[PDB]
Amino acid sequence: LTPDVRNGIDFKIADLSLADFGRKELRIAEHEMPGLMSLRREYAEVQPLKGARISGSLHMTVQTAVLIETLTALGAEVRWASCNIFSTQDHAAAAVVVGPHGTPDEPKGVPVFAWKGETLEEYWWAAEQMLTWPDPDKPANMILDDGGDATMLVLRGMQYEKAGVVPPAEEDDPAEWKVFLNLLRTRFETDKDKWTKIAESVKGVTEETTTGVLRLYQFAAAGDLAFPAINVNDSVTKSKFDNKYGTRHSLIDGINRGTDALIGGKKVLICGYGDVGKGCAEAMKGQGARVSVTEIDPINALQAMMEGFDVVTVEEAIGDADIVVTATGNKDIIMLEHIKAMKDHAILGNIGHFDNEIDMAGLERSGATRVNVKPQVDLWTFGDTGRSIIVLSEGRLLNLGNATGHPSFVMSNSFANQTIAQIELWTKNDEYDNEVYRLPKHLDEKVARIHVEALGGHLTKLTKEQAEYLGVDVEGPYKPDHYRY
C-alpha cells in the first residue's frame, strides 16, 4: 500500500466520489453540532490553532469530519486516521479529503488514511501515515487520540529507539501486537530516531476515551508520559453524556442493523455497569428487554440492582442470554468456554473500545466454522454441540462497526470538549507539565450551556442573594470539584 496523492493531498480512502454524499451528511450534522459551530464562530478571528500540526487518531465518521473541519477553521493543519478498522464512514472520509469547497478532481481538504474494513496491517500503516508529517523538520506537534493508539506508537517507538532495538514478539502474543512491533522494527531499520523526534515535537495529546485515559495513567505512572495530556473522557459533558446517552442511542442501532433481532421479551446480559453499560442497559430496558448485568465493582453493581437489574456472573447467566454485550474496557470477559455455553442463535457483541473483551482469537482457532452473513455479521457454528452464535463486527465496537456510532448532537459535547482541550494545550502550553489534566469545570459548563440552549431548555439565573447563599458566582462554576452529577 502506498498513499494516493491528488492535487498535493496525500490520503488513502475507499472512494473519493463519495464526497458529495458525505458533504450532504456533514452539512446536516453541523446543524446538530452547535458545540462545534459555536467554537468556529467564537475563535474565527483569533485563529488559536495556527501553527498546529495535529495528528488525529479517531473513528473517521461524519461527526469526526465536523471536528476536523472545526480544527482547520481554527487554523490547524491536520493528518487523520481512524482508531478502529471498521468505524470509518467512507462518505465522511471522502468529504474530509475534498473539503467544503473542493471536488473529487480538485480536492481542497486534508490527508485522511481511513476506510471501513481495514486489515490489521493496513490499520497500523494508516496510523503511521497519520503520524508522519511530510517535512522532516516539521513533525507532528500535537496528537488528538481516541483509545491511545497514536500515543502508544509514538512513546513505544521512542522507547525501542532509545534501547537500540525493537523486541521480538512471542508466538502467543496477539496478532495485532505482532503487526505493531513489525511496523516499528521495520521503520527502525532505516530511521533510528523518528519517534524520538516526533515525541520531542509533540506539545500535548488530548485523549477522548476511558481506555485511552487508562493507558495515559499507566504511562504517567511509569515516568514515560513525555508531553502533557488532557483527559477529555472525564469532562463532565463527555463521560456522563457520550458514554451513557450516546451508547443508549447507538447500541441498539448496531444491533438492529446487524441482526434485526427483536429486543423486547429477550434476555440480555450486559457486562459492566459504568457509563457505557448504564447506557446499554437503559437502551435495552426501554425496548422491553429483560436485562441482567455483570460487575466487579460493588458500587456500580448496587446501582444496577437499584435500577431494576439482577447482578449475575457470566458463568451463571451465559446459557440463558439471547444477547450478550461487553461494556467493560477490560479484557477476557467472554471466553471461548462462555461462547460454547451460549444458546443456539444467541447474539454476541462488544461496545468497549478494544475487541479483546471477547476471546475472538480463541473462537477463530477453536474449530468453529464461520459463515459470513453480511459485512460485520458472522454466524459461527460449533460442530460438537450443533449451536451457532451471531458475532457482530468480529468483536470490535459494534455501534461504529455495525451502524454509525453515536449521533451528531451527542458527539457535539465530546468534540467541543476535545476542541477546547486542543486550544488550551496549544495556546497555554507552558502552563502544563508532563501529567494528565482535566478541563476546568467552567469550560464543561460552557459546553453544556450551548446544548441546553440548542434544545430550547430555559436556565434559571441565580439572584445575587441566592449566589451568596450557595457561595457561587451567578455565572458559575456551580458545583464543587468532586461533584458527581
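One rule holds for the numbers: they count along the sequence shown, beginning at 1.
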| Which is higher in the entry, the mean Cα B factor of 293-301 or that of 137-145? | 137-145
| query | Comparing 380-388 with 341-349, which stretch shows the greater average C-alpha B-factor in the deposited entry? | reply | 380-388
| task | Identify, among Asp224, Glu118, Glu106, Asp359, the residue whose C-alpha carries the highest B-factor in the deposited PDB entry. | result | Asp224
| task | For the C-alpha B-factor as written in the entry, point me to the maximum among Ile68, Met60, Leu443, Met33. | result | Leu443
| note | Chain thirds by Cα B factor, record data; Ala19 belongs to the lowest
| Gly254 by Cα B-factor - lowest, middle or highest third of the modelled chain | lowest
| Record-listed C-alpha B factor of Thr404: chain third | lowest
| note | Here the Cα B-factor of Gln47, set against its chain, lands in the third termed highest
| query | In terms of the chain's CA B-factor thirds, is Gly204 lowest, middle or highest? | reply | middle
